[PDB]
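coords_21.txt follows; it contains compact mmCIF, C-alpha atoms.
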# COMPACT_ATOMS: atom_id res chain seq x y z
CA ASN S 362 77.61 111.59 95.17
CA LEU S 363 80.98 110.11 96.30
CA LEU S 364 81.12 107.14 93.93
CA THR S 365 80.38 109.29 90.85
CA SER S 366 83.18 111.69 91.74
CA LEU S 367 85.55 108.69 92.12
CA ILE S 368 84.53 107.13 88.75
CA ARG S 369 85.02 110.47 87.02
CA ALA S 370 88.37 111.13 88.72
CA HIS S 371 89.60 107.75 87.54
CA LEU S 372 88.36 108.11 83.98
CA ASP S 373 89.93 111.62 83.71
CA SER S 374 93.31 110.34 84.98
CA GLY S 375 93.38 107.54 82.42
CA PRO S 376 94.98 107.51 78.98
CA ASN S 377 92.66 108.09 76.02
CA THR S 378 92.35 104.58 74.50
CA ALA S 379 91.39 106.15 71.12
CA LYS S 380 94.86 107.60 71.44
CA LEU S 381 97.04 104.95 72.93
CA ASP S 382 100.47 106.00 71.85
CA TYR S 383 102.42 103.58 69.67
CA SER S 384 105.33 105.82 68.69
CA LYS S 385 107.85 103.83 70.73
CA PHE S 386 106.09 100.48 70.63
CA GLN S 387 107.82 97.47 69.05
CA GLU S 388 106.70 93.83 68.99
CA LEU S 389 110.01 92.10 69.79
CA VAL S 390 110.53 88.33 69.53
CA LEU S 391 113.83 87.76 71.34
CA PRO S 392 114.82 89.06 74.77
CA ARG S 393 116.90 92.23 74.89
CA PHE S 394 120.20 90.70 76.21
CA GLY S 395 122.99 92.22 78.32
CA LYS S 396 123.08 94.83 81.05
CA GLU S 397 120.83 97.88 80.79
CA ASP S 398 122.32 101.17 79.65
CA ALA S 399 121.53 104.80 80.54
CA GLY S 400 118.70 104.95 77.94
CA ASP S 401 116.84 102.02 79.56
CA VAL S 402 117.13 103.58 83.00
CA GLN S 403 116.11 107.07 81.81
CA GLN S 404 112.97 105.68 80.16
CA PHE S 405 112.00 103.72 83.28
CA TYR S 406 112.58 106.92 85.30
CA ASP S 407 110.53 109.19 82.95
CA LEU S 408 107.63 106.71 83.03
CA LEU S 409 107.76 106.87 86.76
CA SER S 410 107.97 110.63 86.79
CA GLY S 411 105.22 110.93 84.18
CA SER S 412 102.75 108.93 86.29
CA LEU S 413 103.26 110.94 89.45
CA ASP S 414 101.94 113.98 87.62
CA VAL S 415 98.80 112.06 86.56
CA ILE S 416 98.24 110.28 89.91
CA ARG S 417 98.34 113.81 91.46
CA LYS S 418 95.85 115.25 88.98
CA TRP S 419 93.77 112.12 89.92
CA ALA S 420 94.28 112.68 93.65
CA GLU S 421 93.18 116.37 93.50
CA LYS S 422 89.84 115.26 92.00
CA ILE S 423 88.82 112.94 94.83
CA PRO S 424 86.08 114.58 96.93
CA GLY S 425 87.97 116.28 99.73
CA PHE S 426 91.59 115.47 98.97
CA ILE S 427 92.20 119.13 98.09
CA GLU S 428 90.40 119.93 101.41
CA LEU S 429 93.23 118.25 103.39
CA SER S 430 96.49 119.83 104.60
CA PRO S 431 99.40 120.30 102.12
CA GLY S 432 101.63 118.17 104.39
CA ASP S 433 99.44 115.06 104.14
CA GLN S 434 98.40 115.83 100.52
CA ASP S 435 101.93 115.09 99.25
CA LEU S 436 102.46 112.42 101.92
CA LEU S 437 99.49 110.25 101.00
CA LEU S 438 100.76 110.64 97.43
CA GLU S 439 104.44 109.78 97.65
CA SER S 440 103.53 106.94 99.97
CA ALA S 441 100.85 105.61 97.66
CA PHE S 442 102.82 106.26 94.46
CA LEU S 443 104.53 102.99 93.66
CA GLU S 444 101.46 100.96 94.62
CA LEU S 445 99.27 103.22 92.40
CA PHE S 446 101.80 103.03 89.59
CA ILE S 447 101.75 99.23 89.62
CA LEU S 448 98.06 98.71 90.20
CA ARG S 449 96.93 101.25 87.52
CA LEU S 450 99.52 99.78 85.13
CA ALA S 451 98.47 96.22 85.83
CA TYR S 452 94.83 97.15 85.44
CA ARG S 453 95.20 98.88 82.08
CA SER S 454 97.82 96.57 80.53
CA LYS S 455 97.30 93.61 78.14
CA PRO S 456 99.22 90.51 79.27
CA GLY S 457 98.01 88.25 76.39
CA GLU S 458 99.67 90.58 73.93
CA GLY S 459 102.68 91.40 76.11
CA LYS S 460 101.67 95.10 76.19
CA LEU S 461 102.33 97.46 78.97
CA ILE S 462 100.13 100.46 78.85
CA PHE S 463 101.23 103.51 80.80
CA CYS S 464 99.25 106.48 82.16
CA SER S 465 100.06 108.72 79.20
CA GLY S 466 98.70 106.10 76.81
CA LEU S 467 102.26 104.92 75.94
CA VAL S 468 102.35 101.27 74.85
CA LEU S 469 105.50 99.19 75.36
CA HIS S 470 106.25 95.58 74.81
CA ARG S 471 107.13 93.50 77.84
CA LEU S 472 110.53 92.85 76.10
CA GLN S 473 111.17 96.58 75.67
CA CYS S 474 110.61 97.10 79.41
CA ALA S 475 112.66 94.16 80.64
CA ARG S 476 116.06 95.91 80.89
CA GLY S 477 114.86 98.93 82.94
CA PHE S 478 112.21 97.12 85.01
CA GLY S 479 113.95 93.74 85.35
CA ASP S 480 112.01 90.47 85.97
CA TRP S 481 109.63 92.56 88.09
CA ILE S 482 107.81 93.35 84.80
CA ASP S 483 106.94 89.68 84.41
CA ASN S 484 105.39 89.57 87.92
CA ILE S 485 103.48 92.82 87.15
CA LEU S 486 101.90 91.07 84.10
CA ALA S 487 101.18 87.96 86.14
CA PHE S 488 99.38 90.36 88.54
CA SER S 489 97.62 92.03 85.58
CA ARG S 490 96.01 88.84 84.36
CA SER S 491 95.24 87.94 88.00
CA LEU S 492 93.23 91.22 88.16
CA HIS S 493 91.68 90.37 84.78
CA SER S 494 90.59 86.83 85.68
CA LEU S 495 88.62 88.23 88.64
CA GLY S 496 87.13 91.05 86.59
CA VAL S 497 87.19 94.39 88.37
CA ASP S 498 84.61 96.81 87.05
CA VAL S 499 85.52 100.49 86.80
CA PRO S 500 83.60 101.64 89.99
CA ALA S 501 85.28 98.79 92.02
CA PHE S 502 88.70 99.90 90.69
CA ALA S 503 87.98 103.62 91.09
CA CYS S 504 87.24 102.99 94.82
CA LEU S 505 90.07 100.39 95.29
CA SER S 506 92.64 102.87 93.97
CA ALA S 507 91.46 105.78 96.20
CA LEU S 508 91.72 103.41 99.21
CA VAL S 509 95.40 102.79 98.28
CA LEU S 510 95.84 106.53 98.49
CA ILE S 511 93.62 107.54 101.40
CA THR S 512 94.98 105.31 104.14
CA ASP S 513 96.72 105.92 107.49
CA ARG S 514 100.32 107.01 106.87
CA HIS S 515 102.75 107.24 109.83
CA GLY S 516 103.19 111.01 110.26
CA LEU S 517 99.88 112.54 109.12
CA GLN S 518 98.57 115.90 110.51
CA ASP S 519 94.92 114.92 111.17
CA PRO S 520 94.58 111.17 110.45
CA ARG S 521 91.00 111.70 111.60
CA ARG S 522 90.26 113.53 108.33
CA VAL S 523 92.03 110.79 106.29
CA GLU S 524 90.42 107.97 108.37
CA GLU S 525 87.06 109.71 107.85
CA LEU S 526 87.37 110.17 104.06
CA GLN S 527 88.75 106.63 103.96
CA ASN S 528 85.64 105.06 105.48
CA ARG S 529 83.24 106.83 103.11
CA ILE S 530 85.17 105.40 100.10
CA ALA S 531 85.24 102.03 101.89
CA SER S 532 81.42 102.01 102.16
CA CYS S 533 80.95 103.12 98.52
CA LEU S 534 82.96 100.05 97.56
CA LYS S 535 81.15 97.81 100.02
CA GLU S 536 77.78 99.15 98.78
CA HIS S 537 78.55 99.13 95.04
CA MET S 538 79.84 95.58 95.19
CA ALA S 539 76.78 94.46 97.12
CA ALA S 540 74.67 96.12 94.38
CA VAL S 541 76.72 93.85 92.06
CA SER S 549 82.37 87.52 99.06
CA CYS S 550 82.99 89.51 95.82
CA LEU S 551 84.57 92.39 97.70
CA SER S 552 86.80 90.04 99.64
CA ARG S 553 88.12 88.32 96.44
CA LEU S 554 89.08 91.80 95.15
CA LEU S 555 90.65 92.66 98.52
CA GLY S 556 92.45 89.28 98.24
CA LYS S 557 94.49 90.84 95.38
CA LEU S 558 96.28 93.44 97.54
CA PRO S 559 98.78 90.96 99.13
CA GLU S 560 99.99 90.21 95.55
CA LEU S 561 100.13 93.96 94.96
CA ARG S 562 102.27 94.33 98.15
CA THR S 563 104.86 91.74 96.98
CA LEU S 564 105.04 93.81 93.71
CA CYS S 565 105.95 97.06 95.46
CA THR S 566 108.72 95.38 97.44
CA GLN S 567 110.32 93.98 94.26
CA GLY S 568 109.97 97.43 92.73
CA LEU S 569 111.72 99.09 95.65
CA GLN S 570 114.53 96.59 95.16
CA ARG S 571 115.00 97.30 91.45
CA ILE S 572 114.83 101.00 92.17
CA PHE S 573 117.46 100.45 94.88
CA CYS S 574 119.55 98.48 92.43
CA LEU S 575 119.29 101.27 89.81
CA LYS S 576 119.96 103.99 92.31
CA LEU S 577 123.25 102.07 92.92
CA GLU S 578 124.35 101.60 89.28
CA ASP S 579 123.73 105.36 89.09
CA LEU S 580 123.83 105.51 85.29
CA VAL S 581 121.61 108.57 85.14
CA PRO S 582 120.44 110.93 87.89
CA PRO S 583 117.14 109.78 89.40
CA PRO S 584 114.01 111.92 89.44
CA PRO S 585 112.96 113.31 92.84
CA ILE S 586 110.26 110.62 93.20
CA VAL S 587 112.87 107.84 93.13
CA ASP S 588 114.62 109.60 96.04
CA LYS S 589 111.41 110.26 98.00
CA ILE S 590 110.06 106.72 97.54
CA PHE S 591 113.49 105.46 98.60
CA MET S 592 113.80 107.98 101.53
CA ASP S 593 110.49 106.51 102.84
CA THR S 594 112.33 103.26 103.49
Structure re-expressed in C-alpha cells:
Amino acid sequence: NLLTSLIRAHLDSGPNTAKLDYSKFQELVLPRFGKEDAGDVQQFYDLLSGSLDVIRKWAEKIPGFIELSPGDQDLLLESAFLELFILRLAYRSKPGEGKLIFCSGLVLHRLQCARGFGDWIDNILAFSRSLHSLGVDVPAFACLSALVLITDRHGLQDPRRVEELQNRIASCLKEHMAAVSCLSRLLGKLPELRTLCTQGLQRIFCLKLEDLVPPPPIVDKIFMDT
C-alpha cells in the first residue's frame, strides 16, 4: 500500500539515530563572533550538497516517482530541495539542546551553524519546536514531505501524472490523520515553512555574493529557479 511505501522511504532516508555522528559536534557557550570565513561557507555548502543526495534516494523510493519522466524527476527535486532540507532538518533536530541534526546523522550546535547559516538557523529551530509542540507522527510527516515534493511545478512534462500521484498521497494523509482539524493544524505549519525558504534563499544569495568558495551546483540551480 501507498502509505507503507512512504513510511519506509522516509525511514530509509533518515540518519541512523544509533549512529548520530558527533565527530564535529561541540557544545559552545558564547556566540562565534565576526564575519564567516571560507570554512564556514564550505561546511554549509557540503551539508546542502549532502542532503540532495539523500532527498534523491528518498524521492526514488516513493511509489511511482521513478515512473515519471527524467525532466520532471530532477525538477520536482531541485524545486522541492530547500523546503525538504529545512523541514526534514527541523523535524529531526533538538531545539531544547541547541542541536541541529542533519540527514547524514551529523550533529551540530546551533552556535557552530550560526556563521554559515546566519540568524536563519534561529528561525529554523523556532520552526522545529513549532513542529514538535503539535506532534507530527512519522506517517503524517512521511506523507507531508512527499507532498512538498510531488506538487505542480511550472514547466512539468505531464502535470497530470504528478497531480495524480499527488492526490493519492493527499488522501493517505487525510485518511491516516482521520484514523488518528488535526490535518489542518499540520497544514497550518507550511506558511512558517515558506517564510523559512525565503530567508534561506536570501542567505544563499548573500553567500553567493561574498563568493568565498565556489558553490555546489545545487546552490546555482536553487538560485537559477528564482
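Proximity to residue S:530 at 8 Å, evaluated using only C-alpha atoms and with sequence-adjacent residues fewer than 4 positions away removed, yields residues 363, 364, 504, 507, 508, 526 and 534 of chain S.
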**Report entry** Shell of 9 Å around residue S:383, all atoms listed in the file, local chain residues under 2 positions omitted, as a VMD selection string
**Finding:** chain S and resid 380 to 381 385 to 387 466 to 469
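Interatomic distance, atom CA of residue S:479 against atom CA of residue S:575: 10.3 Å.
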Requested in this report: Select, counting all atoms listed in the file, all protein, DNA and RNA residues no farther than 12 Å from (90.5, 95.3, 82.3) in file coordinates, and express the selection as a list in words.
Outcome: residues 448, 449, 450, 451, 452, 453, 454, 455, 456, 457, 462, 488, 489, 490, 491, 492, 493, 494, 495, 496, 497, 498, 499, 501 and 502 of chain S
Test item: axis-aligned box, all listed atoms of stretch 378-386 of chain S, 4 Å on each side, centre and edges in Å rounded to one decimal, as AutoDock Vina command-line options:
--center_x 99.6 --center_y 104.0 --center_z 71.6 --size_x 24.5 --size_y 15.1 --size_z 13.8
